[PDB]
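In the block that follows, a single chain appears as C-alpha cells, in the form deposited in one PDB entry.
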C-alpha cells in the first residue's frame, strides 16, 4: 500500500534490470498575482535497487526527512546512487521535462539508449545519462508519474504497463 512498497513491488516484480523507480507526485501552487493554479511534480517516493503553504511545507519537510534518512546513513557513492540522491529535491512544472511531459499529455515516454536520453532534450534524461543511465521511462498515472531508470538498454517490458496500472491507478 505505500508508494515505496508499490515502487519496490514494481521493480522486484522481475523482468529486466531497472536500477531504480521514482514516483513523482502532483501538488498545486496558487499564484495570487496571476490567479493561476499550476500543477507541480515533486518527489513522492523512490526505491533504489542498484546494479549487477501547508501542502508545500509538508512536502518540503517530508523530502528533508527523506534526505536525512537516506544520508544518515562511509564508502563509495556511485554515479546512479548520486543521481537518485540528487533527484529528491528536483521538481517539475506541468509540461516541463520528462515527468512534466508525461503527466500533461498522459504519455508514456520511453527512452532507450544513451542517444535517446541526450536526444530527447530533457535536462533530467540528459542528467541521468551523465550518470550512466541508458534507459529512462516515464508513465503518467492518476496522481503523477512513475519513472524507471536503468544503466542497461531496455526497450521492451511485457508486463510493465499492466503492473503500473494495478499499482498506481
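What we label the rigid core is the largest C-alpha set whose atoms superpose within 1.5 Å from one form to the other. Residues that one form lacks are left out of the comparison. Numbering follows the first chain given and starts at 1.
Not pictured, yet referred to below: the form deposited with a partner chain bound.
Visitor: Pick from 61-69, 99-107, 135-143, 122-130: which stretch has a heavy atom within 4.5 Å of its partner chain in the deposited complex?
Guide: Going through the listed ranges, the match is 61-69.
Visitor: Any chance residue 4 has a heavy atom within 4.5 Å of its partner chain in the deposited complex?
Guide: Because a heavy atom of residue 4 falls inside 4.5 Å of its partner chain in the deposited complex, the answer is yes.
Visitor: Can any non-hydrogen atom of residue 92 be found within 4.5 angstroms of its partner chain in the deposited complex?
Guide: Contact check for residue 92: no, nothing within 4.5 Å of its partner chain in the deposited complex.
Visitor: Can you tell me whether residue 25 touches its partner chain? I mean in the deposited complex, with a 4.5 angstroms heavy atom cut-off.
Guide: Contact check for residue 25: yes, within 4.5 Å of its partner chain in the deposited complex.
Visitor: Upon rigid core superposition, which of the listed residues (104, 26, 139, 63) is displaced by 2 angstroms or more at its Cα between the shown form and the other one?
Guide: Result of the comparison: 63.
Visitor: Quick one: in the deposited complex, is the Cα gap between residue 61 and residue 81 smaller or bigger than here? Answer closer or farther; it shifts by 3 Å or more.
Guide: Compared with the shown chain, residue 61-residue 81 is closer in the deposited complex.
Visitor: Considering a change of 3 Å or more, are the Cα atoms of residue 67 and residue 8 closer or farther in the deposited complex than here?
Guide: Compared with this form, residue 67 and residue 8 lie farther apart in the deposited complex.
Visitor: Please identify, after superposing on the rigid core, every run of 3 or more consecutive residues whose C-alpha atoms all shift by 2 Å or more between the shown form and the other one, listing them in sequence order.
Guide: After superposing the rigid core, the shifted stretches between the shown form and the other one are 32-36, 53-73, 156-158.
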